Amino acid sequence: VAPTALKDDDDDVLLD
Amino acid sequence: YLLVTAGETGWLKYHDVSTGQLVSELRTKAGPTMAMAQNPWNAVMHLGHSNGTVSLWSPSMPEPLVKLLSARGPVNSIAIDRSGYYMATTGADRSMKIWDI
Amino acid sequence: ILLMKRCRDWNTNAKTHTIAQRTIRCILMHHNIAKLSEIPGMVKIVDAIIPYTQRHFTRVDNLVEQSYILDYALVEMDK
Amino acid sequence: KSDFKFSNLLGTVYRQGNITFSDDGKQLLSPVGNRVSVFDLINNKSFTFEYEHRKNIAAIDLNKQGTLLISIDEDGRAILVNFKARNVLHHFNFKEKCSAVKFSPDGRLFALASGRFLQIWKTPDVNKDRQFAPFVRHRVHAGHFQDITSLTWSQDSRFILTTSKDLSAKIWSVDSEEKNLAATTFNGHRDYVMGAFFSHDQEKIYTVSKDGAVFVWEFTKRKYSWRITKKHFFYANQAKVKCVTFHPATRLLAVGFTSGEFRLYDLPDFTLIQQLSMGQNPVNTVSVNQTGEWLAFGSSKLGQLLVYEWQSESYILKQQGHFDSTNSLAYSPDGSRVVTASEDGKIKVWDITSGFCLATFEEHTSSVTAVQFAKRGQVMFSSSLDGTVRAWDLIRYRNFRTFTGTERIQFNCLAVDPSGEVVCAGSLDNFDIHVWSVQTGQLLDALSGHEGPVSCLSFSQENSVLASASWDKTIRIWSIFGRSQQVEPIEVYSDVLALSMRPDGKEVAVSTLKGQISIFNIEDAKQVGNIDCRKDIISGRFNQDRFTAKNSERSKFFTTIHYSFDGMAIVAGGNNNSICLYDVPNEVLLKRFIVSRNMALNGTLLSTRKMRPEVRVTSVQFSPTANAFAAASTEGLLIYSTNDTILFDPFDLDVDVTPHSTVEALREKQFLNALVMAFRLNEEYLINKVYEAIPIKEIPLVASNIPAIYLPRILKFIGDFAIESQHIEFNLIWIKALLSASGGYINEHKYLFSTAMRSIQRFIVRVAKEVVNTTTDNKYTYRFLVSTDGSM
Amino acid sequence: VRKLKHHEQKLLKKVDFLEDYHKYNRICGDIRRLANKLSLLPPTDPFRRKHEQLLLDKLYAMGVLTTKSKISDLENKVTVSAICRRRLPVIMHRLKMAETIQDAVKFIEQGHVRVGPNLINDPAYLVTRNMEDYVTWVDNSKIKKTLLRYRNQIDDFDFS
Amino acid sequence: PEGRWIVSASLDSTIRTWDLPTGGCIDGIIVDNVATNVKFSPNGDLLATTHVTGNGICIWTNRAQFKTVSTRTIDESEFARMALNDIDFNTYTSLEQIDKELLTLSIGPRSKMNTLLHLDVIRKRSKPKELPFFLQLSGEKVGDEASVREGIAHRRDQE
Amino acid sequence: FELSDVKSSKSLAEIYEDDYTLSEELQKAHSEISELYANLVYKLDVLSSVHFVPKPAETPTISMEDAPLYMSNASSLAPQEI
Amino acid sequence: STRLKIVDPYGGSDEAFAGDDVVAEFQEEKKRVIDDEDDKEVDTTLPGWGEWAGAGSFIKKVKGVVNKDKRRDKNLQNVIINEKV
Amino acid sequence: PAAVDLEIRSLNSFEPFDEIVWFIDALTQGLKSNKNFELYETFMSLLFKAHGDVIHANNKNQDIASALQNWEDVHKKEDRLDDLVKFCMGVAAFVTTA
């Protein structure tokens, strides 16, 4: 981590 | 009898005092010229840029004779020894390089 | 369509506008506004009439307001 | 007998520097030349701070607490001012040009960009009493080799990113033991770095260059070091990235390019949310709201300031300043709007309440010299150096008529008849006053009678005589209306420059080159008073001068004068650094005002013209509300108002009169005594207390019994109070009761109640009618929906 | 450099590198180019005819043109001497206020001259045609007193 | 400078601030050395006093210029031993609605209503300012005027 | 109205292409004519002005100046105009 | 280092480098200059002079300014010599 | 101002038109309070602008008419202001003029 730090997939193929 | 200038425009202006006319205009395409130097032995200009590549420039010649990057950081200054054999540079990343032309 | 061409025409004159508005009032109350919107040539006659009615609205209300003068006459008299 | 204080600057929303959003997000701070202007976006109000810098402002910043505002000029001199109380706190000189100033998000520290050095200082505590030497420097950082373009604060007040012209972005640690955490120099950019920002988590650092490249930096294993994981580029054909801002919470990047267009981007995906252009001029400054929904942009060349709501694609603010100095000003008869004219030739209409420009007119080709309203206020008239007089309506915003001379005579002054049917304009080249008919647009005739160029014109509001004054050392009174025309010439010692005419129309005042304000009786054509002004005027030696100011004679005359509507005072201005308020019956100076304190302005203190801006007042007028007066000057329209009223000015006060006694009268239900006693004290808080404590039943009884002497004051108090008050129906009921009981008295003395009646007429017209219009149309819109037969 | 000898002159030429009216020359030329561009535009379109007429009127208001003129005259009538004639010290000399052009400059610098209501300190000011007869002396000029002292018309009510 | 307060110094080594509208002493001070003079600044943010001892001039900061001051009368007995809030702070806030039966508008700018009624037109006025190889050209352009004579002769594409 | 007497750089497909897809150059003249006069006027104005004369000064565009926004074009037309 | 220490009345009471891969960039130019300056074998096949060409169904050396194997900058690391100029 | 008008346009316009009827009842309550009188008036105007056709088509419906009717039992009361304003500017016009 940097020293300056603080401190489903819905498919698009659809039937017609 | 020629004056050379370097700018962030990238354009190198070559002006002759005797004739009072500008010899040539050339854009380095290396970006702003943070360092500028002249080599007495061959009268070939030396320039430093953000990449750190040093491009040698001549009035007659359209595109740089040689391109060499001594340091990763920008070269803030270029020095060339009197004989013209040796060339020294300072990169912005604290790293020194001694070169021979 | 014939009638309102006249009402558009009468409305332009301030002396004869009062007749024009009341005939239009009967039409809208005794007809289907949807059917009026459909008839061709309406909207353009409808277009020309709106500005004149608004001008008559700027008037009359001024005449309504100018009448509040005698109210000042009555209250002054009551003193 | 009223105290005028500078309130706001119209004709001016942005000159240069950086604009900053208030932390609440409801206000926008825009530096205006030598002062700072604050715009209340939610309330649509504006004010300009009274404190003034030596030179034009360079950088400003407001702390998150909203309590301290720091402003630094071009020489580095800083002024620290309490935002809430609007009072200057301390003055400090950093002795170096300060490119940018920004408070820490914690607010304890503020960082200053000075050339090649980052200076970090401790913020003075507001709660503590005025501290003698409050500024203490926490540290100073010297790592860069070229000028710092900007700086950014970490959200935790622990690290600072500064971008310089060294093509590098450098991170510091505010805290010493955390130096090892952030001591890195980011390189790789090909041209000046404009902005370096943190992500919300602060893991990612985004750096942008003027060439148009955005680099995403991440701490990652090749053991771990900062590397450029992703590179984005702006493919502007020739526009250069000039100003940039980032909002970590919503990940919005607003970049203003030199071509005058800006891009809204989403990071790190580099999605172009919107592209939109302000013009052909470089966008000087860009700022983001605290929430991130409002974006402010501005540029200096023409003076842009907009507030853009990218969410809804709506414009919260879009306001403009005059490119040139404003030459003339005219109040609407009620005072709701003021119209300003400039050397450009474009007219602007301004709203006093909002302070924002409703419309702009550009029909005039050349500079507009004079502007005036008709008595109705429905029509607006202007004369320009293009050779035309043009007629404008402010209801529909159209030029309904244009007047021009046969040989295109060059016009400088104008006047409009109270009936609004005759127009007279005046020229410096023709020596005759052209007359036009408003209805027809034809030249009625030309009034000859001067050897000299006509300098000014004005018609009597009531009697309708014309007074024309000129360099001919004389003044003529023209009785054009009537079967026979008569002209009454009156000689004067020196050339007259300005003429103001009493609202009664019985007296006329004139300013001469000698610095004399002479009043003449129009009916008697005899002088009644004279005022000396040469000594009171303050004129500063120009840097180009080779002779002293005291020995100078450049401007000890007043080129503009105007009466007060009460008629007992004149406001006078000229090509000088002073406005003098005099009193007519006694011929004494009431107060004097300094126009500007900018040292850039020339007068504040072989083929090339040594020519620089000069401080001068082109025109001055009294507000018809009788509470303010505006002065047209180079920087803009300066408005001085009497609204604060911190002064104690009792009237007929006695020992028995006391605020406690007034409250006791209310508790005893003796309303009439309480109101009279409250007015005798003349306290706004007390009269408001008594005013709203009166029951509706007792108003008519009280109104009938108010003494006559207090009547003009109560009418004035209702008018100004009612315009912004929410109690529409009480303020009207009092107007009804006061009018019904004292209607005859006001008619007998129209002039005494002229200003107060106008204020009432403003309330009943400019708010009250609009409310009922929205009520009545809905009533009629309803009756159609129910009475009408619905569709099939 | 030192004067080159005869042979040096032949070998090398034009090596001598490294009142001014350049600004006025630029104005005179800049007007000439504008007139040329207007001519390039056709004869019928109304825009330029308004414009060239505006240029004729704009110049005439100064005094560079003593009389109303045509465009083909603007190209040759306009000259640097005309603008110099409109210069304030030159006008003072023609009005005979100052004996010599150099003298007039000092009076302007010292502040004894007024053009209409306003004092002008810049000698390079050109007086436009309608202001040229209101150019006069400031009321309290010590020299304006001398004007009236010899003629013995010095009236001190006017403070002059 | 505001003409509302009087500050007086007395030989009993006390400085008193008197509020003229109510005619009572509001603040009291005890100075070690008697203050021979009392003067307000033209702005009023500073007050200058001189004392029987000391060659300098004492300068005071007017806290009232930074925040409101209560005008409650000072305790006389307590001061000697040492040796309605809206009225107290000289302010008043208008009540939200004086009476229920009587109409009152909203507490805000009056331009809001106009914006609501005409919000639609503001949106419209606030909008920002704006080949195929087998080209299918026929008719008089391509020279078959016979087609034109004999009678033989994209909005949805925009759709 | 003039004819070109040199070889047309465009071939028939290009001119037919041009046909498928009062004069711009004429306005380009007007613009440069306008630019000169503003330069002429300013240069001479500062010579002839007592008081300071300042120098006169894809993507969709926001307009700096708006000649009110609430006002509608229909509402700005008189009944007789309609 | 990297923080100026000033002792004055108002104060004085009490590095890492990150950059782009320049060597990868410079190496790229060295491949471009060598490619442009070496000899080019241009394919002068004219597809279809002697065969059917369509859906169904001669190379020339051009002299370069310098051959890639004859370059001076070859074996010189951190140097590109532009032979054409 | 943007937020309100988006909501007014959105309100459901399908039978039984509960949301429209509910909205009318809310503002009818607002008028009784005699507070924010101007604002509640403008919200009502936007309703006819956005749904006036919907209101007109089904005016015979009892839910719409009853809520629609109750608004005049209130709104008819706020006509005293109309008589009041028409009094002030006329006599003020008379008093200042004659």
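Scoring rules and cut-offs
Residues numbered from 1 in each chain as written, not as in the entry; some residues may be left out. Chains lettered and ligands numbered in written order. Part of a larger assembly, values for the part shown. Heavy atoms only, no water. Residues with missing side-chain atoms left out of burial classes, pairs and counts. Helix = DSSP H or I, 4+ residues; strand = E, 2+ residues; numbered from the N terminus. Pairing = 2+ DSSP bridges. Axes fitted to C-alpha atoms, helices over the stretch in contact; angles between N-to-C directions. Contact = heavy atoms within 4.5 Å. Expected span 1.5 Å × (residues − 1). Nonpolar A, V, L, I, M, F, W, Y, C, P; charged D, E, K, R; others polar. Parallel < 35°, antiparallel > 145°, perpendicular 65-115°, else oblique. Left-handed = near helix turned anticlockwise from the far one by under 90°.

Method of determination, as given in the entry header: cryo-EM; reported resolution: 5.96 Å.

Colleague: When you look at unusual backbone geometry in this model, what are you seeing that I'm missing?
Modeller: Of all residues except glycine, most have a negative phi; of all peptide bonds, most are trans. Residue D:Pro268 is bonded to the preceding D:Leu267 through a cis peptide linkage, with omega at 0°. Position of D:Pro268 relative to the elements: it lies in the loop between β24 (261-266) and β25 (271-277). Note the cis peptide between I:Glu15 and I:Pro16, where omega equals 10°. Counting through the fold element by element, I:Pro16 comes out in the loop between α1 (2-10) and α2 (18-33). The backbone of H:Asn75 sits at a positive phi, close to 75°, despite the residue not being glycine. With respect to the secondary-structure elements, H:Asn75 resides in the loop between β3 (59-62) and β4 (80-81). Positive phi outside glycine occurs at H:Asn78, with the angle close to 70°. In this structure, H:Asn78 sits in the loop between β3 and β4.

Colleague: Before we go on, may I ask you to explain the sheet that holds strand β19 (residues 205-209) of chain D in this structure?
Modeller: Sheet strands associate in pairs through backbone hydrogen bonding, adopting either a parallel or an antiparallel arrangement. Residue and element names in this part refer to chain D. One open sheet accounts for four strands, arranged β18-β19-β20-β21; its pairing is antiparallel. At either end of the open sheet lies a strand with only one pairing partner, and these are β18 (193-198) and β21 (224-233). Looking at each pair of strands side by side, their axes are set apart by 25° on average, direction ignored. Two elements, strand β20 (residues 213-221) and β21, share nine bridges in a ladder whose sense is antiparallel. In the sheet register, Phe215 faces β21, and the bridge partner there is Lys231.

Colleague: Even after reading the chapter, I still don't get the arrangement of the chains, so can you show me in this structure?
Modeller: Taken together, the 15 pairs of chains in contact show their highest number of contacts between chains D and H. Across the gap from chain A to chain I, with no contact made, the nearest C-alpha atoms are 28 Å apart.

Colleague: Help me understand α2(I) in this model?
Modeller: An α-helix turns once per 3.6 residues; consequently, residues spaced three or four apart project the same way. For α2(I), which comprises 16 residues, the first-to-last C-alpha distance of 23 Å matches the rise-based estimate of 22 Å (1.5 Å per residue) to within 8%. At the exit of α2(I) stands I:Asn34, carrying a positive phi of roughly 60°.

Colleague: Please clarify how the pairing of β24(D) should be interpreted in this entry.
Modeller: Regular strands have side chains that alternate between both faces of the sheet. Residues and elements named next belong to chain D. As defined by bridge partners, strand β23 (residues 252-257) adjoins β24 across five bridges and the pair is classed as antiparallel. Note on β24: the bridge partner recorded for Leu253 is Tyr265. The hairpin turn running from β23 into β24, its antiparallel successor, is three residues long, and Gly260 in that turn takes a positive phi close to 100°. Bridge count between β24 and β25: six bridges; the pairing is antiparallel. Paired with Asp266 across the bridge in β25 is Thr271. Where β24 folds back on β25, the antiparallel hairpin that results is connected by four residues, among which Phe270 adopts a positive phi of roughly 65°.

Colleague: I tried to follow the sheet that holds strand β1 (residues 5-10) of chain F on my own but got confused; where do I start?
Modeller: Residue and element names in this part refer to chain F. Taken together, three strands build an open sheet; the order of strands is β1-β2-β3 and the sheet is antiparallel. What marks the edges here is a single partner per strand, and that holds for β1 and β3 (24-30). Looking at each pair of strands side by side, their axes are set apart by 20° on average, direction ignored. Both strand β2 (residues 14-19) and β3 contribute to a ladder of six bridges, which runs antiparallel. Among the inter-strand pairings, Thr14 is bridged to a residue of β3, identified as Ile30.

Colleague: What is the right way to look at the interface of chain D and chain I in this model?
Modeller: Size of an interface, as often reported, equals the accessible area lost when the parts are brought together. Facing the four residues of chain D at the interface are five residues of chain I. Looking at the side of chain D that touches chain I, its residues break down into one nonpolar, three polar and no charged.

Colleague: Would you explain the interface of chain D and chain H in this entry?
Modeller: Each partner contributes to the interface: chain D provides 13 residues, whereas chain H provides eleven residues. Taken together, the elements giving at least two residues each to the side of chain D that touches chain H come down to β13 (136-141) and β17 (184-186) of chain D. Considering every element that reaches the side of chain D that touches chain H, the biggest residue donor is β13(D), with four residues. Considered class by class, the residues forming the side of chain D that touches chain H number six nonpolar, six polar and one charged. Where β17(D) lies against strand β1 (residues 16-18) of chain H, three bridges are found, and the strand directions are parallel. Counterpart to D:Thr184 in the pairing with β1(H) is H:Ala16.

Colleague: Explanation requested: the pairing of strand β54 (residues 617-622) of chain D in the structure shown.
Modeller: Residue and element names in this part refer to chain D. Two elements, β54 and strand β55 (residues 628-633), share five bridges in a ladder whose sense is antiparallel. Counted as the bridge partner of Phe622 is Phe629 from β55. Joining the antiparallel neighbours β54 and β55 is a turn of five residues, in which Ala626 adopts a positive phi near 65°.

Colleague: Is there a simple way to think about the packing of helix α5 (residues 711-724) of chain D against helix α7 (residues 754-787) of chain D in this case?
Modeller: Any two packed helices are characterised by how steeply their axes cross, that is the angle between the axes, and by the distance between the axes. Residue and element names in this part refer to chain D. Interhelical geometry of α5 versus α7 gives an angle of 30° and a closest axis separation of 8 Å. By the angle class used here, α5 and α7 are roughly parallel. The element α5 and its partner α7 pack so that their crossing is left-handed. The residues of α7 that touch α5, namely those facing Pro712, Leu715, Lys716, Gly719 and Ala722, are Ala756, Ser759, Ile760 and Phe763.

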